[PDB]
Amino acid sequence: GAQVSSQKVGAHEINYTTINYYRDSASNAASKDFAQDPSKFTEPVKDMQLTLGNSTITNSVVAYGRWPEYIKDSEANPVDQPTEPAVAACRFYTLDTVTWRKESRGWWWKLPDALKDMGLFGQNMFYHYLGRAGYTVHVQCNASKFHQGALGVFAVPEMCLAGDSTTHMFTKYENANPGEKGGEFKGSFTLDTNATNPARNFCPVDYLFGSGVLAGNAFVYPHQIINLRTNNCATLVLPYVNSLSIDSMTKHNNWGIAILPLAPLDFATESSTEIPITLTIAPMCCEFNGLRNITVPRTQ
Amino acid sequence: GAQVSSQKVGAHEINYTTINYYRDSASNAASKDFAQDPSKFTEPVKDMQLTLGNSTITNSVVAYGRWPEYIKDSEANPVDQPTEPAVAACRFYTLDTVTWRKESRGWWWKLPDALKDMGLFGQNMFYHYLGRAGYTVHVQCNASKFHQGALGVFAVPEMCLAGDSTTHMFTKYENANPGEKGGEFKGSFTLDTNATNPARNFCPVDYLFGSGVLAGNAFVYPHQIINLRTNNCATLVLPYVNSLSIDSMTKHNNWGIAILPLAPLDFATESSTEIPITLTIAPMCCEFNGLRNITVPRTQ
Amino acid sequence: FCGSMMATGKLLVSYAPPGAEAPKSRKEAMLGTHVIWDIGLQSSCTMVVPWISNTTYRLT
């Protein structure tokens with residue numbers, strides 16, 4: 001059972017044979033213009049009015065070109081019946097509005113963490129052992145034609161943020177899951193030296209994107225730019241991304257949302273100018289498994 | 001357009017004509033062995049192991065011979081999408097166990113009131129304006145072969161209970177909706193004369209079935225008897241019953257459960273004997289409409 | 001159940017998937033998977049704990 005493959009000859013003066021000797025395939029040797037070869041990695045658009053449940057919204061990227069979907073029967077690990085709340089949980093929830101000033105270094109949120117106290121979605125999340133959902137994130141920021149500024153919105157799978165102490169991986173659960181308030185990036189790294197009552201919080205540096213990588217490369221993640229001269233809003237459609245078909249929503253945050261001011265806010269000649277940014281997130285294709293008594297995580 | 005109908009002649013010495021003169025049909029005149037003619041009114045049985053959601057139970061009546069069912073599109077009043085929690089809410093919840101003694105006069109509960117604090121069913125009930133569900137009620141009471149006693153379990157649609165004051169219909173919402181603890185029948189009617197701080201509670205007299213009707217006739221309602229010498233439990237399958245296809249679960253209780261000791265409990269020669277009664281209720285074919293902020297009814 | 005034939009009773013056997021506080025009373029255990037066992041009727045009861053896990057395998 002010999003495999004006769006062809007070689008690619010370079011310097012000329014053409015087939016090579018390979019035979020597998022082991023039953024386990026892990027023992028085998030390795031076999032080896034503007035158009036984007038990886039069209040799915042260049043933030044493909046949905047190519048209006050988005051209605052989910054009883055919520056309606058009137059610049060849309062699909063992360064990795066993959067729309068949210070339910071678990072295939074071929075890839076279902078759990079065996080118990082899945083709860084699908086449907087319109088009850090799959091609807092747009094509006095988080096607390098943040099304020100963009102000339103001095104803002106950026107904001108961040110975690111999903112599903114930011115929606116843990118959002119109507120029936122939070123109830124289903126805390127009542128079940130396993131949960132899964134994609135998202136539609138709508139960032140809203142409007143300003144006059146005389147305002148200038150640009151925001152970069154990034155959806156990062158496994159958005160791990162650096163700590164603030166010499167102790168590695170020391171950020172406690174409460175500070176890593178702030179909820180809908182989220183957190184803010186910082187312009188510099190400040191080390192927490194309070195060995196008695198350590199803050200045990202993140203210290204996400206903006207130009208390091210909070211994880212030791214240059215912010216300029218954050219555009220490799222699914223992203224959208226809100227340039228105030230052009231558009232008001234940004235829509236990101238995030239499919240469920242994980243190494244598992246379904247996981248624990250309380251333990252693990254599948255996505256992170258980062259908003260960084262790429263161009264600082266400015267207006268006329270008023271040094272005092274602030275415009276709100278409003279996030280509206282709708283979970284999509286929710287499904288839960290493992291119903292039992294409700295989880296009540298520790299707070300503060 | 002004359003209607004020629006036939007008469008039924010009695011005393012003989014045969015058709016009569018009728019014509020409708022008005023456009024509105026309300027103006028029309030009226031046109032006119034052991035086998036039970038109303039088989040559905042004689043508590044038909046389900047003719048083991050009942051599994052609903054993740055709950056399993058190992059003498060079953062279907063009230064009015066009508067199994068629980070979802071709203072037909074032909075009879076849907078609300079137009080918004082209905083939330084159907086499915087296995088998340090449709091599962092067996094076990095209420096607080098009561099104690100049957102020689103002196104007990106009976107117990108009562110209201111549905112959906114008794115399940116208002118039961119997992120995700122209560123959350124869905126309090127998050128939605130409209131709710132609908134049938135039920136499977138499993139009453140459990142086991143005793144030795146040397147115990148004697150009989151319980152009558154009755155499912156009453158629109159089980160309205162009499163008050164305790166000269167003021168008509170004066171029972172307040174809190175006392176009319178006790179939750180899973182329910183209430184107890186009394187052997188006599190006691191008038192509440194505290195005009196300063198009236199109890200505003202029910203006074204359900206057992207032999208009056210709490211509503212001014214003789215208890216002996218309560219068997220016209222869907223019912224099942226737990227006779228200790230014969231059976232341990234009783235299963236009642238209640239369809240949704242109302243003048244509307246869907247209503248408010250917080251305002252209105254569709255069913256009432258009444259357990260009356262038909263034969264008093266007795267055992268050997270111990271005057272001190274008590275056996276528990278445990279109720280397990282599973283809502284069925286749940287559907288909710290009108291999602292908004294959660295309702296928080298006043299308590300105590 | 002290894003009591004006398006004259007003994008009767010009903011028990012509840014519950015499995016709760018992880019993540020929440022371990023059930024401390026029947027009120028909590030009843031919210032998870034559970035079976036009701038009539039010992040007077042059956043001497044043996046069988047409950048299947050179905051495979052529900054985030055990972056495809058659990059460590060031993």
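Preceding block: the structure.
Residues numbered from 1 in each chain as written, not as in the entry; some residues may be left out. Chains lettered and ligands numbered in written order. Part of a larger assembly, values for the part shown. Heavy atoms only, no water.

**Here's the deal with the overall build of chain C**
Inclusion rule: Secondary structure elements are taken from DSSP: a helix is a run of H or I of four residues or more, a strand is a run of E of two residues or more, and numbering for both begins at the N terminus. With the radius of gyration taken over C-alpha atoms, the globule rule is written as 2.2 Å times the number of residues to the power 0.38. Working definition: with a 1.4 Å probe on protein chains only, accessible area under 20% of the residue-type maximum means buried, over 50% means exposed, and in between means partly exposed. In this description, contact between two residues means that some pair of their heavy atoms is separated by no more than 4.5 Å. Only the protein chains shown count as covering a residue, and every accessible area follows the Shrake-Rupley method with a 1.4 Å probe.
In terms of regular secondary structure, chain C is built from 1 helix and 2 strands. Taken against the 2.2 N^0.38 rule, which gives 10 Å for 60 residues, the C-alpha radius of gyration of chain C at 15 Å runs more than 25% over that of a compact globule. With respect to the principal axes defined by its C-alpha atoms, chain C has extents near 45 × 25 × 15 Å. For chain C, the proportion of its 60 residues judged to be buried stands at 32%. Relative to all contacts within chain C whose residues are 6 or more apart in sequence, the contacts with residues 24 or more apart total 50%. Carbon and sulfur atoms make up 62% of the accessible area of chain C, which totals about 3,800 Å².

**Considerations on the interface of chain A and chain B**
Formally: Put simply, buried area is how much 1.4 Å-probe accessible surface two parts lose in total, over both of them, once they are put together. Any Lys or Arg side-chain nitrogen found within 4 Å of a carboxyl oxygen on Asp or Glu counts as a salt bridge. Under this definition, polar contacts are N or O atom pairs within 3.5 Å; protein pairs additionally need one hydrogen-donor-capable and one acceptor-capable atom, and for neighbouring residues in sequence, both atoms have to be side-chain atoms. By the convention adopted, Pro, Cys, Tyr, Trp, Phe, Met, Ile, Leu, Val and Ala count as nonpolar, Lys, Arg, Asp and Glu as charged, and the other residues, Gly among them, as polar.
Counting from both sides, the interface comprises 14 residues of chain A and, opposite them, 14 residues of chain B. Summing both sides of the interface, chain A and chain B together bury roughly 1,200 Å²; the carbon and sulfur share of this comes to 66%. Among the residues chain A hides against chain B, the three largest losses belong to A:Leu120, A:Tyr127 and A:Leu291. Together they make up 41% of the total. Taken together, the links from chain A to chain B amount to 0 salt bridges. Viewed at the interface, chain B and chain A are joined by 2 residue pairs in polar contact. Element by element, the count of residues in the side of chain A that touches chain B is highest for helix α1 (residues 119-127) of chain A, at 5 residues. Of the residues belonging to the side of chain A that touches chain B, the class tally is 6 nonpolar, 7 polar and 1 charged.

**Comments concerning the interface of chain A and chain C**
The partner chain C presents 18 residues to the 17 residues of chain A that form the contact. Carbon and sulfur atoms supply 58% of the area that chain A and chain C bury against each other, a total of about 1,400 Å² over both sides. Considering only the surface of chain A that becomes buried against chain C, A:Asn77, A:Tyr129 and A:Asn293 emerge as the three largest contributors, covering 43% of it. If you look at where chain A meets chain C, you find 0 salt bridges. Remark: the boundary between chain A and chain C carries 9 residue pairs in polar contact. At the level of secondary structure, the elements contributing two or more residues to the side of chain A that touches chain C comprise β9 (128-140) and β15 (275-291) of chain A. The element that contributes the greatest number of residues to the side of chain A that touches chain C is β15(A), accounting for 3 residues.

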